[PDB]
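# Structural characterization, general
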Amino acid sequence: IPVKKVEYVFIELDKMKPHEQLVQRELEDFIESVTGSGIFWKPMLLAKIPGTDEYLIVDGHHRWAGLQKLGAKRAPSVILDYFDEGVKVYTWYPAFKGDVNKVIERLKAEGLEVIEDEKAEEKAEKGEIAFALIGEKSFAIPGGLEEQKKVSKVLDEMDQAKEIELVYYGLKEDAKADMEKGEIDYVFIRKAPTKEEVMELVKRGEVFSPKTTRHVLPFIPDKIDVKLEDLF
Ligand code: NA
């Protein structure tokens, strides 16, 4: 898709509402980058929540949260019509380099079930279980939203402890191709939400587990060049 210079507008951070949780490494990396470079270059993508003067964060949770942590006030933003057909939503695929037996033990310690099930991926994609865990073997992790959050918490902890390397793939096919090559061991598969589900969630004040949405527009917003000091 084409890159397009789009006009941004500064929006106050306190008007932005998240729809998903954070990955600690991504939060800390953003803070390190923006303070080290002094430049904010990737605009927030926002959509107004109907009946309010608040915005759904479409893209930029880690940027918003990092700026809030730094004590900033505003961020450059592109305002979208969320239900325009050009706005599409997919998901991310958490994958790891590491020992699946250690991951499974940690998942079970958090009260999750991990069940060998050759239909796990199909069930996950239908929204019937929290995640499928797919590699040499195929496991179902039953549940829904709360169980997805428990899985993600374990992964973030193991990422921080360097027990695994935790990476997020945009495309399931890419994760599977890298597993074939021996670059990753297992991938977690869940169903993407619909846009209607995202907006319903933010309207009730709730959030998904980290990296639940991956939004795509008909164009790529060109990068911008805003000084960090201008956000305060
Ligand atoms: Na997202």
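## Regarding the sheet that holds strand β13 (residues 165–169)
Pairing in this open sheet of six strands is antiparallel, and the strands run β10-β12-β11-β14-β9-β13 from one edge to the other. Each edge of the open sheet is held by one strand with a lone partner, namely β10 (115–116) and β13. Across two bridges, the pairing between strand β9 (residues 93–97) and strand β14 (residues 186–189) is antiparallel. Residue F96 lies in a different strand from β14, and its bridge partner there is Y186. In the packing of helix α3 (residues 100–109) onto the sheet, contacts are made with β9, β11 (131–134), β12 (138–141) and β14, and the angle to β14 comes to roughly 40 degrees.

## Overview of the side chain of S209
Examined against the element boundaries, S209 turns out to sit in the loop between α7 (195–203) and β15 (214–216). In this structure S209 comes out as buried when scored by relative accessible area, which is 0%. Separated by 3.3 Å, the side chains of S209 and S152 make a polar contact. Those residues in contact with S209 that lie beyond four places of it in its chain are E20, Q21, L145, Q148, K149, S152 and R190.

## A word on the coordination of the sodium ion
As a benchmark, a tetrahedral metal site with four donors has ideal angles of 109.5 degrees, while an octahedral site with six donors has ideal angles of 90 or 180 degrees. Around the sodium ion, the protein contributes the donor atoms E20 (OE), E20 (OE), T213 (O) and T213 (OG1), which lie 2.3 to 3.0 Å from the metal centre. Taken as a pair, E20 in the loop between β3 (16–17) and α1 (24–37) and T213 in the loop between α7 and β15 lie far apart in primary sequence, 193 residues in all.

## Notes on the packing of aromatic side chains
Tallied over the entire structure, the rule returns seven aromatic pairs. Summarising the aromatic geometry, the rings of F96 and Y186 are spaced 6.1 Å apart at their centres and angled 10 degrees between planes, so their arrangement reads as stacked. Separated by 90 residues along the polypeptide, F96 in strand β9 and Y186 in strand β14 bring together distant segments of the chain. In terms of burial, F96 and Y186 fall into one category: buried. Considering the side-chain rings of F139 and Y186, the 6.3 Å spacing of their centres and the 35 degrees angle between planes classify their relative orientation as tilted. Here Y186 lies in strand β14 and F139 lies in strand β12, a separation of 47 residues in the sequence. Both residues of the pair, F139 and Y186, belong to the buried class. Feature note: the residues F96, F131, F139, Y186 and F188 constitute an aromatic cluster, connected by ring pairs.

Reading guide: rules and limits
- Within every chain, numbering proceeds from 1 in written sequence order, not necessarily in step with the numbering of the entry, and residues without coordinates do not appear.
- To obtain the side-chain values, all non-hydrogen atoms of the structure were included, while hydrogens and water were left out.
- Residues with missing side-chain atoms are left out of burial classes, side-chain pairs and their counts.
- Strand pairing is assigned whenever DSSP detects at least two bridges linking the two strands.
- By definition, any uninterrupted DSSP run of H or I lasting at least four residues is a helix, any uninterrupted run of E lasting at least two residues is a strand, and each is numbered from the N terminus.
- Any two residues having at least one pair of non-hydrogen atoms within 4.5 Å are treated as being in contact.
- Think of each axis as a best-fit line through the C-alpha atoms, taken over the contacting stretch in the case of a helix, with angles from 0 to 180 degrees between the N-to-C directions.
- Three labels apply to residues, based on accessible area from a 1.4 Å probe with only protein chains included: buried if under 20% of the type maximum, exposed if over 50%, partly exposed otherwise in between.
- Polar contacts, as used here, are pairs of N or O atoms within 3.5 Å; protein pairs need one atom able to donate a hydrogen and one able to accept it. Residues neighboring in sequence count only if both atoms are side-chain atoms.
- Water is not among the atoms examined, so metal sites may look incomplete; donors are the N, O and S atoms within 2.8 Å of the metal, or within 3.2 Å for Na, K and Ca.
- Between rings of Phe, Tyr and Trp, where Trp is taken as its six-membered ring, a pair exists when centres lie within 6.5 Å; planes separated by under 30 degrees are stacked, by over 60 edge-to-face, and by other angles tilted.

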